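A single chain comes next, written as structure tokens; it is the form solved without the partner chain.
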């Protein structure tokens, strides 16, 4: 029985990056070369170990994290980067050895007049830790004045809408992203290549 990669890669809608989804894959056969060749991807960068060689290992669990960011932000989805997306939305560890896959989704996630349903976190007191996920919605205090939960001067709502439009330049268009991470425990290793 084949691993259910399709319900992640071919999902009708994706999550806002601040509210990124994780899918656990287990108990199945996974062809990472035939997934390389599922379709045409704009980015498919595997850190550490090749895909053809991934087909010869086994793991306890593989995790598929997915979300939407701007094309120019995909370079932040890599170990050791910074910027608003790595700092406040989705963070990979320096020692990451999984894969990052991305493709242009202008046709699906942009709307005339702006798709305002995809958001990112713009303000945060501190940086995320690797694989942290912060769906908090508390008003951010930019100054000395307390905020008490009301927006105003120096008191900002922390999430910002991308407003994806079909006519944005390519660097600004929506990109769907999938991050593969590979977990091996002291337990049976049940996801393997054929």
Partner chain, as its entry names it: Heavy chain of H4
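So that the term is clear: the rigid core is the largest set of C-alpha atoms that superpose within 1.5 Å between two forms. Numbering follows the first chain given and starts at 1.
Engineer: Comparing C-alpha positions in 5 other deposited structures of this protein against this form, with the rigid core used for the fit, which stretch differs more, 32-40 or 128-136?
Structural biologist: Higher average C-alpha offset in 5 other deposited structures of this protein goes to 32-40.
Engineer: Out of 167-175 and 180-188, which shows the greater rigid core-aligned C-alpha deviation in 5 other deposited structures of this protein?
Structural biologist: Per-stretch check in 5 other deposited structures of this protein: the more divergent one is 180-188.
Engineer: If you average the CA temperature factors as listed in the entry, which stretch comes out higher, 34-42 or 66-74?
Structural biologist: Result of the comparison: 34-42.
Engineer: Of the two stretches 181-189 and 166-174, which shows the higher Cα B-factor on average in the entry?
Structural biologist: For C-alpha atoms only, the mean B-factor is higher in 181-189.
What follows is about the form solved in complex with the partner chain, which we do not show.
Engineer: Which residues in 129-152 have a heavy atom within 4.5 Å of the partner chain in the entry with it bound?
Structural biologist: Sequence-ordered list: 150, 151, 152.
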